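Dropping coords-v7.pdb in here (PDB, C-alpha atoms and all ligand atoms):
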```pdb
ATOM      1  CA  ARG A   7     118.970 101.528  76.632  1.00  0.00           C
ATOM      2  CA  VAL A   8     118.796 103.323  79.971  1.00  0.00           C
ATOM      3  CA  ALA A   9     115.275 104.555  79.209  1.00  0.00           C
ATOM      4  CA  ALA A  10     114.221 100.967  78.468  1.00  0.00           C
ATOM      5  CA  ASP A  11     115.697  99.662  81.758  1.00  0.00           C
ATOM      6  CA  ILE A  12     112.578  99.446  83.904  1.00  0.00           C
ATOM      7  CA  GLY A  13     113.594  96.389  85.920  1.00  0.00           C
ATOM      8  CA  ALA A  14     110.865  93.914  86.829  1.00  0.00           C
ATOM      9  CA  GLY A  15     108.703  96.724  88.115  1.00  0.00           C
ATOM     10  CA  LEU A  16     105.918  96.284  85.579  1.00  0.00           C
ATOM     11  CA  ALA A  17     105.010  92.734  86.601  1.00  0.00           C
ATOM     12  CA  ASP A  18     105.556  93.688  90.240  1.00  0.00           C
ATOM     13  CA  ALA A  19     103.232  96.708  90.088  1.00  0.00           C
ATOM     14  CA  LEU A  20     100.503  94.531  88.580  1.00  0.00           C
ATOM     15  CA  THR A  21     100.741  91.769  91.183  1.00  0.00           C
ATOM     16  CA  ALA A  22     101.962  93.210  94.523  1.00  0.00           C
ATOM     17  CA  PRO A  23     100.075  94.927  97.353  1.00  0.00           C
ATOM     18  CA  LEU A  24     100.705  98.554  98.304  1.00  0.00           C
ATOM     19  CA  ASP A  25     103.603  98.844 100.721  1.00  0.00           C
ATOM     20  CA  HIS A  26     104.043 102.386 101.930  1.00  0.00           C
ATOM     21  CA  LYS A  27     107.673 101.626 102.748  1.00  0.00           C
ATOM     22  CA  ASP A  28     108.377 101.120  99.036  1.00  0.00           C
ATOM     23  CA  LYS A  29     110.144 103.920  97.159  1.00  0.00           C
ATOM     24  CA  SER A  30     107.864 106.965  96.781  1.00  0.00           C
ATOM     25  CA  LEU A  31     105.680 107.863  94.991  1.00  0.00           C
ATOM     26  CA  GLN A  32     104.100 104.775  96.518  1.00  0.00           C
ATOM     27  CA  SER A  33     100.764 104.905  94.683  1.00  0.00           C
ATOM     28  CA  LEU A  34      98.602 106.823  92.242  1.00  0.00           C
ATOM     29  CA  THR A  35      94.804 106.805  92.220  1.00  0.00           C
ATOM     30  CA  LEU A  36      93.455 106.132  88.704  1.00  0.00           C
ATOM     31  CA  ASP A  37      90.532 108.470  88.035  1.00  0.00           C
ATOM     32  CA  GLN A  38      90.936 109.961  84.573  1.00  0.00           C
ATOM     33  CA  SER A  39      92.389 106.847  82.919  1.00  0.00           C
ATOM     34  CA  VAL A  40      89.273 104.800  83.697  1.00  0.00           C
ATOM     35  CA  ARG A  41      85.734 106.199  84.068  1.00  0.00           C
ATOM     36  CA  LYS A  42      83.126 104.783  86.496  1.00  0.00           C
ATOM     37  CA  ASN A  43      81.358 102.494  83.979  1.00  0.00           C
ATOM     38  CA  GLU A  44      84.648 101.279  82.542  1.00  0.00           C
ATOM     39  CA  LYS A  45      87.400  98.861  83.294  1.00  0.00           C
ATOM     40  CA  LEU A  46      91.046  99.104  82.412  1.00  0.00           C
ATOM     41  CA  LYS A  47      93.224  96.026  81.978  1.00  0.00           C
ATOM     42  CA  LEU A  48      96.964  96.719  82.169  1.00  0.00           C
ATOM     43  CA  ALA A  49      99.453  94.073  81.059  1.00  0.00           C
ATOM     44  CA  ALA A  50     103.234  93.729  81.028  1.00  0.00           C
ATOM     45  CA  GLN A  51     106.019  91.283  81.805  1.00  0.00           C
ATOM     46  CA  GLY A  52     103.696  88.289  81.887  1.00  0.00           C
ATOM     47  CA  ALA A  53     101.207  89.782  84.318  1.00  0.00           C
ATOM     48  CA  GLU A  54      97.923  91.623  84.120  1.00  0.00           C
ATOM     49  CA  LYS A  55      95.649  93.562  86.472  1.00  0.00           C
ATOM     50  CA  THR A  56      92.120  94.966  86.088  1.00  0.00           C
ATOM     51  CA  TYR A  57      91.535  98.519  87.344  1.00  0.00           C
ATOM     52  CA  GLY A  58      88.387 100.497  87.958  1.00  0.00           C
ATOM     53  CA  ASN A  59      87.838 104.156  88.702  1.00  0.00           C
ATOM     54  CA  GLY A  60      89.432 105.040  92.030  1.00  0.00           C
ATOM     55  CA  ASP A  61      91.690 101.984  92.168  1.00  0.00           C
ATOM     56  CA  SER A  62      95.341 102.479  93.129  1.00  0.00           C
ATOM     57  CA  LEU A  63      98.247 101.841  90.793  1.00  0.00           C
ATOM     58  CA  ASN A  64     101.256 100.468  92.699  1.00  0.00           C
ATOM     59  CA  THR A  65     103.867 102.977  91.538  1.00  0.00           C
ATOM     60  CA  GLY A  66     105.942 101.986  94.553  1.00  0.00           C
ATOM     61  CA  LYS A  67     107.205  99.040  92.497  1.00  0.00           C
ATOM     62  CA  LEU A  68     108.154 101.170  89.475  1.00  0.00           C
ATOM     63  CA  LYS A  69     111.454 102.823  88.621  1.00  0.00           C
ATOM     64  CA  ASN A  70     111.847 106.496  89.467  1.00  0.00           C
ATOM     65  CA  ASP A  71     112.479 109.075  86.713  1.00  0.00           C
ATOM     66  CA  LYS A  72     111.479 106.626  84.009  1.00  0.00           C
ATOM     67  CA  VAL A  73     108.468 106.045  81.825  1.00  0.00           C
ATOM     68  CA  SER A  74     106.982 102.674  82.667  1.00  0.00           C
ATOM     69  CA  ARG A  75     104.793 101.198  79.936  1.00  0.00           C
ATOM     70  CA  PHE A  76     101.809  98.851  80.061  1.00  0.00           C
ATOM     71  CA  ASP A  77      99.675  97.423  77.264  1.00  0.00           C
ATOM     72  CA  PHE A  78      96.071  98.345  78.022  1.00  0.00           C
ATOM     73  CA  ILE A  79      92.556  97.599  76.955  1.00  0.00           C
ATOM     74  CA  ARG A  80      89.574  99.674  78.045  1.00  0.00           C
ATOM     75  CA  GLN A  81      86.279  97.855  78.236  1.00  0.00           C
ATOM     76  CA  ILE A  82      82.644  98.592  78.983  1.00  0.00           C
ATOM     77  CA  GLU A  83      79.491  96.451  79.285  1.00  0.00           C
ATOM     78  CA  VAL A  84      76.935  97.684  76.718  1.00  0.00           C
ATOM     79  CA  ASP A  85      73.681  95.960  75.774  1.00  0.00           C
ATOM     80  CA  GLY A  86      74.738  92.600  77.177  1.00  0.00           C
ATOM     81  CA  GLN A  87      78.185  92.693  75.553  1.00  0.00           C
ATOM     82  CA  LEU A  88      81.699  93.333  76.787  1.00  0.00           C
ATOM     83  CA  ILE A  89      83.050  95.985  74.401  1.00  0.00           C
ATOM     84  CA  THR A  90      86.665  97.085  73.995  1.00  0.00           C
ATOM     85  CA  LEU A  91      86.531 100.859  73.551  1.00  0.00           C
ATOM     86  CA  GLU A  92      90.263 101.456  73.237  1.00  0.00           C
ATOM     87  CA  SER A  93      93.508  99.561  73.205  1.00  0.00           C
ATOM     88  CA  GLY A  94      96.996 100.971  73.358  1.00  0.00           C
ATOM     89  CA  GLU A  95      99.833 101.817  75.737  1.00  0.00           C
ATOM     90  CA  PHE A  96      99.591 103.273  79.212  1.00  0.00           C
ATOM     91  CA  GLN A  97     102.662 105.422  79.942  1.00  0.00           C
ATOM     92  CA  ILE A  98     103.466 106.552  83.465  1.00  0.00           C
ATOM     93  CA  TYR A  99     106.321 108.779  84.544  1.00  0.00           C
ATOM     94  CA  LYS A 100     107.175 108.321  88.211  1.00  0.00           C
ATOM     95  CA  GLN A 101     108.859 110.822  90.524  1.00  0.00           C
ATOM     96  CA  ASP A 102     109.341 110.962  94.287  1.00  0.00           C
ATOM     97  CA  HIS A 103     106.128 112.818  95.129  1.00  0.00           C
ATOM     98  CA  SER A 104     104.220 112.721  91.893  1.00  0.00           C
ATOM     99  CA  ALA A 105     103.363 110.814  88.753  1.00  0.00           C
ATOM    100  CA  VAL A 106     101.753 111.624  85.437  1.00  0.00           C
ATOM    101  CA  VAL A 107     100.053 109.227  83.017  1.00  0.00           C
ATOM    102  CA  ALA A 108      99.614 109.478  79.252  1.00  0.00           C
ATOM    103  CA  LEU A 109      97.653 107.143  77.024  1.00  0.00           C
ATOM    104  CA  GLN A 110      98.792 106.266  73.535  1.00  0.00           C
ATOM    105  CA  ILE A 111      95.685 104.961  71.813  1.00  0.00           C
ATOM    106  CA  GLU A 112      96.225 102.492  68.960  1.00  0.00           C
ATOM    107  CA  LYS A 113      92.775 100.989  68.311  1.00  0.00           C
ATOM    108  CA  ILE A 114      89.181 101.991  69.065  1.00  0.00           C
ATOM    109  CA  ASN A 115      85.897 100.144  68.660  1.00  0.00           C
ATOM    110  CA  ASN A 116      84.473 100.308  65.134  1.00  0.00           C
ATOM    111  CA  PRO A 117      81.643 102.839  65.431  1.00  0.00           C
ATOM    112  CA  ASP A 118      79.557 100.710  63.046  1.00  0.00           C
ATOM    113  CA  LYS A 119      80.573  97.355  64.509  1.00  0.00           C
ATOM    114  CA  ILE A 120      81.109  97.801  68.221  1.00  0.00           C
ATOM    115  CA  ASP A 121      82.555  94.348  68.970  1.00  0.00           C
ATOM    116  CA  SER A 122      85.408  94.901  66.477  1.00  0.00           C
ATOM    117  CA  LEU A 123      88.443  97.187  66.620  1.00  0.00           C
ATOM    118  CA  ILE A 124      89.883  99.605  64.086  1.00  0.00           C
ATOM    119  CA  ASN A 125      93.187 101.452  64.026  1.00  0.00           C
ATOM    120  CA  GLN A 126      92.955 105.062  65.178  1.00  0.00           C
ATOM    121  CA  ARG A 127      95.850 106.672  67.005  1.00  0.00           C
ATOM    122  CA  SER A 128      95.661 109.476  69.516  1.00  0.00           C
ATOM    123  CA  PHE A 129      97.537 110.610  72.601  1.00  0.00           C
ATOM    124  CA  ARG A 130      96.277 112.248  75.761  1.00  0.00           C
ATOM    125  CA  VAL A 131      97.514 112.994  79.236  1.00  0.00           C
ATOM    126  CA  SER A 132      95.182 111.390  81.768  1.00  0.00           C
ATOM    127  CA  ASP A 133      95.986 110.967  85.451  1.00  0.00           C
ATOM    128  CA  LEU A 134      98.127 113.332  87.445  1.00  0.00           C
ATOM    129  CA  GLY A 135      98.675 112.891  91.141  1.00  0.00           C
ATOM    130  CA  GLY A 136     100.774 112.430  94.240  1.00  0.00           C
ATOM    131  CA  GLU A 137     101.389 114.438  97.415  1.00  0.00           C
ATOM    132  CA  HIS A 138      99.896 117.788  96.316  1.00  0.00           C
ATOM    133  CA  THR A 139     101.521 120.881  97.764  1.00  0.00           C
ATOM    134  CA  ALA A 140      99.006 122.898  99.759  1.00  0.00           C
ATOM    135  CA  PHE A 141      98.811 126.455  98.478  1.00  0.00           C
ATOM    136  CA  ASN A 142      98.686 127.783 102.031  1.00  0.00           C
ATOM    137  CA  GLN A 143     101.889 125.869 102.872  1.00  0.00           C
ATOM    138  CA  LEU A 144     104.166 126.900  99.995  1.00  0.00           C
ATOM    139  CA  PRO A 145     107.945 127.031 100.542  1.00  0.00           C
ATOM    140  CA  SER A 146     109.765 130.343 100.600  1.00  0.00           C
ATOM    141  CA  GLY A 147     111.960 131.728  97.851  1.00  0.00           C
ATOM    142  CA  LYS A 148     112.412 130.215  94.408  1.00  0.00           C
ATOM    143  CA  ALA A 149     113.008 126.835  92.781  1.00  0.00           C
ATOM    144  CA  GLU A 150     114.097 125.401  89.454  1.00  0.00           C
ATOM    145  CA  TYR A 151     112.756 122.134  88.030  1.00  0.00           C
ATOM    146  CA  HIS A 152     114.286 119.726  85.514  1.00  0.00           C
ATOM    147  CA  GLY A 153     112.596 116.729  83.964  1.00  0.00           C
ATOM    148  CA  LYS A 154     110.811 115.076  81.082  1.00  0.00           C
ATOM    149  CA  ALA A 155     108.362 116.156  78.399  1.00  0.00           C
ATOM    150  CA  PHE A 156     106.770 113.243  76.574  1.00  0.00           C
ATOM    151  CA  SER A 157     104.418 113.314  73.602  1.00  0.00           C
ATOM    152  CA  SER A 158     103.093 110.761  71.107  1.00  0.00           C
ATOM    153  CA  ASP A 159     105.978 108.526  70.000  1.00  0.00           C
ATOM    154  CA  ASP A 160     108.469 110.889  71.701  1.00  0.00           C
ATOM    155  CA  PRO A 161     109.541 110.372  75.329  1.00  0.00           C
ATOM    156  CA  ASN A 162     112.748 112.372  75.034  1.00  0.00           C
ATOM    157  CA  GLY A 163     111.606 115.947  75.413  1.00  0.00           C
ATOM    158  CA  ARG A 164     112.811 117.943  78.395  1.00  0.00           C
ATOM    159  CA  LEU A 165     111.097 120.198  80.901  1.00  0.00           C
ATOM    160  CA  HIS A 166     112.714 123.217  82.494  1.00  0.00           C
ATOM    161  CA  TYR A 167     110.668 125.410  84.771  1.00  0.00           C
ATOM    162  CA  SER A 168     111.201 128.159  87.358  1.00  0.00           C
ATOM    163  CA  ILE A 169     108.895 129.186  90.197  1.00  0.00           C
ATOM    164  CA  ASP A 170     109.271 132.262  92.343  1.00  0.00           C
ATOM    165  CA  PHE A 171     107.171 131.449  95.398  1.00  0.00           C
ATOM    166  CA  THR A 172     107.500 134.964  96.810  1.00  0.00           C
ATOM    167  CA  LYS A 173     106.197 136.543  93.587  1.00  0.00           C
ATOM    168  CA  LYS A 174     103.835 133.585  93.043  1.00  0.00           C
ATOM    169  CA  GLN A 175     104.960 133.327  89.424  1.00  0.00           C
ATOM    170  CA  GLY A 176     106.223 130.484  87.254  1.00  0.00           C
ATOM    171  CA  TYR A 177     107.538 130.152  83.717  1.00  0.00           C
ATOM    172  CA  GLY A 178     109.417 127.601  81.691  1.00  0.00           C
ATOM    173  CA  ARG A 179     110.239 125.711  78.549  1.00  0.00           C
ATOM    174  CA  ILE A 180     109.679 122.458  76.730  1.00  0.00           C
ATOM    175  CA  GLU A 181     112.795 121.460  74.780  1.00  0.00           C
ATOM    176  CA  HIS A 182     114.205 118.729  72.554  1.00  0.00           C
ATOM    177  CA  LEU A 183     111.038 117.125  71.222  1.00  0.00           C
ATOM    178  CA  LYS A 184     111.521 115.864  67.659  1.00  0.00           C
ATOM    179  CA  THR A 185     108.554 117.881  66.390  1.00  0.00           C
ATOM    180  CA  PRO A 186     109.971 121.449  66.494  1.00  0.00           C
ATOM    181  CA  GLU A 187     106.666 123.173  67.207  1.00  0.00           C
ATOM    182  CA  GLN A 188     106.104 121.154  70.418  1.00  0.00           C
ATOM    183  CA  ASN A 189     109.067 122.910  72.017  1.00  0.00           C
ATOM    184  CA  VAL A 190     106.918 125.670  73.412  1.00  0.00           C
ATOM    185  CA  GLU A 191     107.316 128.452  75.876  1.00  0.00           C
ATOM    186  CA  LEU A 192     105.441 127.774  79.083  1.00  0.00           C
ATOM    187  CA  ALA A 193     104.640 131.451  79.447  1.00  0.00           C
ATOM    188  CA  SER A 194     104.745 133.280  82.768  1.00  0.00           C
ATOM    189  CA  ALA A 195     101.693 132.483  84.879  1.00  0.00           C
ATOM    190  CA  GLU A 196     100.352 132.970  88.380  1.00  0.00           C
ATOM    191  CA  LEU A 197     100.835 130.409  91.143  1.00  0.00           C
ATOM    192  CA  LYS A 198      97.424 129.960  92.745  1.00  0.00           C
ATOM    193  CA  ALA A 199      95.156 127.570  94.641  1.00  0.00           C
ATOM    194  CA  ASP A 200      92.790 125.213  92.835  1.00  0.00           C
ATOM    195  CA  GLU A 201      89.431 123.854  94.051  1.00  0.00           C
ATOM    196  CA  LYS A 202      91.088 121.559  96.611  1.00  0.00           C
ATOM    197  CA  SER A 203      93.366 124.433  97.715  1.00  0.00           C
ATOM    198  CA  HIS A 204      96.315 122.698  96.060  1.00  0.00           C
ATOM    199  CA  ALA A 205      99.022 124.882  94.490  1.00  0.00           C
ATOM    200  CA  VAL A 206      98.777 124.921  90.678  1.00  0.00           C
ATOM    201  CA  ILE A 207      99.910 127.009  87.707  1.00  0.00           C
ATOM    202  CA  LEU A 208      97.635 127.487  84.704  1.00  0.00           C
ATOM    203  CA  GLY A 209      99.357 129.233  81.804  1.00  0.00           C
ATOM    204  CA  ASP A 210      99.556 129.630  78.040  1.00  0.00           C
ATOM    205  CA  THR A 211     101.876 127.792  75.692  1.00  0.00           C
ATOM    206  CA  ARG A 212     103.548 129.837  72.964  1.00  0.00           C
ATOM    207  CA  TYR A 213     105.422 129.136  69.747  1.00  0.00           C
ATOM    208  CA  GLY A 214     106.252 131.529  66.915  1.00  0.00           C
ATOM    209  CA  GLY A 215     105.469 134.385  69.286  1.00  0.00           C
ATOM    210  CA  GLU A 216     101.794 133.375  69.454  1.00  0.00           C
ATOM    211  CA  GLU A 217      99.625 131.482  71.940  1.00  0.00           C
ATOM    212  CA  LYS A 218      99.261 127.827  70.894  1.00  0.00           C
ATOM    213  CA  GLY A 219      97.460 126.313  73.836  1.00  0.00           C
ATOM    214  CA  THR A 220      97.611 126.013  77.596  1.00  0.00           C
ATOM    215  CA  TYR A 221      99.585 124.219  80.259  1.00  0.00           C
ATOM    216  CA  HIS A 222      98.739 122.959  83.719  1.00  0.00           C
ATOM    217  CA  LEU A 223     101.336 122.323  86.383  1.00  0.00           C
ATOM    218  CA  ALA A 224     100.567 121.102  89.874  1.00  0.00           C
ATOM    219  CA  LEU A 225     103.146 121.314  92.668  1.00  0.00           C
ATOM    220  CA  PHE A 226     103.984 118.212  94.743  1.00  0.00           C
ATOM    221  CA  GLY A 227     105.855 117.522  97.972  1.00  0.00           C
ATOM    222  CA  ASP A 228     105.913 119.361 101.292  1.00  0.00           C
ATOM    223  CA  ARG A 229     108.483 121.786  99.833  1.00  0.00           C
ATOM    224  CA  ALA A 230     107.229 121.720  96.244  1.00  0.00           C
ATOM    225  CA  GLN A 231     110.081 119.398  95.333  1.00  0.00           C
ATOM    226  CA  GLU A 232     108.263 118.521  92.114  1.00  0.00           C
ATOM    227  CA  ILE A 233     105.886 119.662  89.425  1.00  0.00           C
ATOM    228  CA  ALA A 234     103.832 117.581  87.008  1.00  0.00           C
ATOM    229  CA  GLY A 235     101.066 118.186  84.537  1.00  0.00           C
ATOM    230  CA  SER A 236     100.383 118.664  80.876  1.00  0.00           C
ATOM    231  CA  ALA A 237     100.661 121.091  77.982  1.00  0.00           C
ATOM    232  CA  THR A 238      98.653 121.420  74.790  1.00  0.00           C
ATOM    233  CA  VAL A 239     100.040 122.836  71.569  1.00  0.00           C
ATOM    234  CA  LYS A 240      98.219 123.453  68.326  1.00  0.00           C
ATOM    235  CA  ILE A 241     100.330 122.594  65.297  1.00  0.00           C
ATOM    236  CA  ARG A 242      98.681 123.190  61.950  1.00  0.00           C
ATOM    237  CA  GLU A 243      95.119 121.934  62.408  1.00  0.00           C
ATOM    238  CA  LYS A 244      95.784 119.506  65.258  1.00  0.00           C
ATOM    239  CA  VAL A 245      96.106 119.847  69.036  1.00  0.00           C
ATOM    240  CA  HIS A 246      99.020 117.887  70.521  1.00  0.00           C
ATOM    241  CA  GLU A 247      99.168 116.864  74.161  1.00  0.00           C
ATOM    242  CA  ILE A 248     102.434 116.648  76.076  1.00  0.00           C
ATOM    243  CA  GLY A 249     103.032 115.073  79.492  1.00  0.00           C
ATOM    244  CA  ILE A 250     105.422 117.094  81.665  1.00  0.00           C
ATOM    245  CA  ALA A 251     107.098 116.454  85.020  1.00  0.00           C
ATOM    246  CA  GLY A 252     110.146 117.750  86.817  1.00  0.00           C
ATOM    247  CA  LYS A 253     111.937 117.983  90.134  1.00  0.00           C
ATOM    248  CA  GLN A 254     114.425 120.192  91.934  1.00  0.00           C
ATOM    249  CA  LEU A 255     117.976 118.896  91.614  1.00  0.00           C
TER     250      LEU A 255
HETATM  251 MG    MG B   1      88.852  98.194  93.427  1.00  0.00          MG
HETATM  252 MG    MG B   2      94.456 118.027  99.608  1.00  0.00          MG
END
```
Can you dump the structure from the file as structure tokens?
Amino acid sequence: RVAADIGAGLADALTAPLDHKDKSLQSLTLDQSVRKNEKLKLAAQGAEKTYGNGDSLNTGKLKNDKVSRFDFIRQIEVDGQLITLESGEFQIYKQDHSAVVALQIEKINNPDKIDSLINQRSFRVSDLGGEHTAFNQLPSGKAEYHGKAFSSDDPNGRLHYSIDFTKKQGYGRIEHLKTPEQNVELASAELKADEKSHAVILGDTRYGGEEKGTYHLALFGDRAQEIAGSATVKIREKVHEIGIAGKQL
């Protein structure tokens, strides 16, 4: 009930201009969710907007600490035809300094009939952004983060994570997902700078006392108020992706 209470933010995000006085995070650049030859149509609450690579999503209009959901289609022009490559649901979790996007795919183009769709489900974490914390401007001390872990058909996992800025080390946990084996250790890993000199943590996921995949957490906010990113976990023969985001209380 509370999770489903997203106000009128979906229609508003699709139809309103960026207003930097709106509640932060005010916008997210869409880069991973739509590639340069593609277009992404998001629809909800009676509205629709077309996005291309590099376009801004107006997260300022969306509810904080909730997953906002949009129906999407992904299209491309190929050989004189407008082809739908994917259709599904675009899920975005909004915080004060950060946002993370996951895509639940429902249909893809038929590989043998490109202008028709077939059912084929998958789930991936795509865009991740906000006010990145500069690695050279990290806060002092330590911090604990609480928030959401969301995977395919399961938005009710929890994230708990601890960073010691002085030791430049982080570790944490994914809890409460319905699939037991998704509730991985986010094993201790080094806090370091990425290519853009942003503070990030790249670590292993573990379950059953073995490595099962990797996780990526980026720090956001001038005091690293928040973290957001993704985790992968291999369960049987399949790799599962999990969106994760949290904030200091
Ligand atoms: Mg544009
Ligand atoms: Mg930067």
Could you tell me how far CA of residue 21 in chain A lies from CA of residue 64 in chain A, in Å and to one decimal?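 These atoms are spaced 8.8 Å apart.
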Check which residues of range 58-106 of chain A sit at most 8 Å from range 29-50 of chain A using only C-alpha atoms, and return one row each with the closest pair of atoms and their distance in Å to one decimal, ordered by chain and rising number, as a tab-separated table.
```
residue	atom	partner	partner_atom	distance
A:58	CA	A:45	CA	5.0
A:59	CA	A:37	CA	5.1
A:60	CA	A:36	CA	5.3
A:61	CA	A:36	CA	5.7
A:62	CA	A:35	CA	4.5
A:63	CA	A:34	CA	5.2
A:64	CA	A:33	CA	4.9
A:65	CA	A:33	CA	4.8
A:66	CA	A:32	CA	3.9
A:67	CA	A:29	CA	7.4
A:75	CA	A:50	CA	7.7
A:76	CA	A:50	CA	5.4
A:77	CA	A:49	CA	5.1
A:78	CA	A:48	CA	4.5
A:79	CA	A:47	CA	5.3
A:80	CA	A:46	CA	4.6
A:81	CA	A:45	CA	5.3
A:82	CA	A:44	CA	4.9
A:83	CA	A:44	CA	7.8
A:96	CA	A:48	CA	7.7
A:100	CA	A:31	CA	7.0
A:101	CA	A:31	CA	6.2
A:102	CA	A:31	CA	4.8
A:103	CA	A:31	CA	5.0
A:104	CA	A:31	CA	5.9
A:105	CA	A:34	CA	7.1
```
Limited to C-alpha atoms, could you put the picked residues into a file as a compact mmCIF listing (two decimals), in the coordinates of the input?
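Once written, selection.txt looks like this:
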```txt
# COMPACT_ATOMS: atom_id res chain seq x y z
CA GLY A 58 88.39 100.50 87.96
CA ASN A 59 87.84 104.16 88.70
CA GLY A 60 89.43 105.04 92.03
CA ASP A 61 91.69 101.98 92.17
CA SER A 62 95.34 102.48 93.13
CA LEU A 63 98.25 101.84 90.79
CA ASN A 64 101.26 100.47 92.70
CA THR A 65 103.87 102.98 91.54
CA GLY A 66 105.94 101.99 94.55
CA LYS A 67 107.20 99.04 92.50
CA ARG A 75 104.79 101.20 79.94
CA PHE A 76 101.81 98.85 80.06
CA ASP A 77 99.68 97.42 77.26
CA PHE A 78 96.07 98.34 78.02
CA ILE A 79 92.56 97.60 76.96
CA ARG A 80 89.57 99.67 78.04
CA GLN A 81 86.28 97.86 78.24
CA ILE A 82 82.64 98.59 78.98
CA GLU A 83 79.49 96.45 79.28
CA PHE A 96 99.59 103.27 79.21
CA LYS A 100 107.18 108.32 88.21
CA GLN A 101 108.86 110.82 90.52
CA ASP A 102 109.34 110.96 94.29
CA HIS A 103 106.13 112.82 95.13
CA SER A 104 104.22 112.72 91.89
CA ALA A 105 103.36 110.81 88.75
```
d(CA of residue 114 in chain A, CA of residue 127 in chain A) in Å: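 Distance between the two atoms: 8.4 Å.
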Using all atoms listed in the file, find each residue with an atom at most 9 Å away from ligand MG 2 (chain B) and format the answer as a VMD selection string. chain A and resid 137 to 140 202 to 204
Could you write out that same residue set with C-alpha atoms as a compact mmCIF listing (two decimals), keeping the file's coordinate frame?
```txt
# COMPACT_ATOMS: atom_id res chain seq x y z
CA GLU A 137 101.39 114.44 97.42
CA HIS A 138 99.90 117.79 96.32
CA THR A 139 101.52 120.88 97.76
CA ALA A 140 99.01 122.90 99.76
CA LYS A 202 91.09 121.56 96.61
CA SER A 203 93.37 124.43 97.72
CA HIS A 204 96.32 122.70 96.06
```
Could you check the closest approach to ligand MG 1 (chain B) for each of A:56, A:233, A:164, A:22 and tell me which residue wins, using all atoms listed in the file? A:56
Counting all atoms listed in the file, figure out which residue out of A:142, A:115, A:74, A:93 gets nearest to residue 129 in chain A.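 Smallest separation from residue 129 in chain A among the options: A:93.
Interatomic distance, CA of residue 238 in chain A against CA of residue 195 in chain A: 15.3 Å.
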Residue completion, range 45-60 of chain A, N, CA and C atoms, as a compact mmCIF listing (two decimals), in the coordinates of the input:
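Listed below is the output, selection07.txt:
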```
# COMPACT_ATOMS: atom_id res chain seq x y z
N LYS A 45 86.33 99.59 82.64
CA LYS A 45 87.40 98.86 83.29
C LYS A 45 88.62 98.91 82.42
N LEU A 46 89.77 98.96 83.08
CA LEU A 46 91.05 99.10 82.41
C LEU A 46 91.93 97.92 82.76
N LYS A 47 92.35 97.17 81.75
CA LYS A 47 93.22 96.03 81.98
C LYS A 47 94.61 96.41 81.54
N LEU A 48 95.56 96.41 82.47
CA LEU A 48 96.96 96.72 82.17
C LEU A 48 97.75 95.42 82.14
N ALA A 49 98.66 95.30 81.18
CA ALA A 49 99.45 94.07 81.06
C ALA A 49 100.89 94.37 80.70
N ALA A 50 101.81 93.62 81.32
CA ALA A 50 103.23 93.73 81.03
C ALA A 50 103.98 92.64 81.76
N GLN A 51 105.09 92.21 81.16
CA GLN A 51 106.02 91.28 81.81
C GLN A 51 105.33 90.03 82.35
N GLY A 52 104.33 89.56 81.60
CA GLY A 52 103.70 88.29 81.89
C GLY A 52 102.58 88.39 82.92
N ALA A 53 102.25 89.61 83.32
CA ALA A 53 101.21 89.78 84.32
C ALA A 53 100.13 90.71 83.78
N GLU A 54 99.03 90.77 84.50
CA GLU A 54 97.92 91.62 84.12
C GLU A 54 97.09 91.99 85.34
N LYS A 55 96.55 93.20 85.38
CA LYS A 55 95.65 93.56 86.47
C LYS A 55 94.51 94.41 85.91
N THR A 56 93.30 94.19 86.44
CA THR A 56 92.12 94.97 86.09
C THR A 56 91.92 96.12 87.08
N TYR A 57 91.75 97.32 86.54
CA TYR A 57 91.54 98.52 87.34
C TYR A 57 90.18 99.13 87.05
N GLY A 58 89.55 99.64 88.10
CA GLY A 58 88.39 100.50 87.96
C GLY A 58 88.65 101.91 88.46
N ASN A 59 87.69 102.79 88.24
CA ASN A 59 87.84 104.16 88.70
C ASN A 59 88.10 104.18 90.19
N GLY A 60 89.12 104.92 90.61
CA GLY A 60 89.43 105.04 92.03
C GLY A 60 90.40 104.00 92.58
```
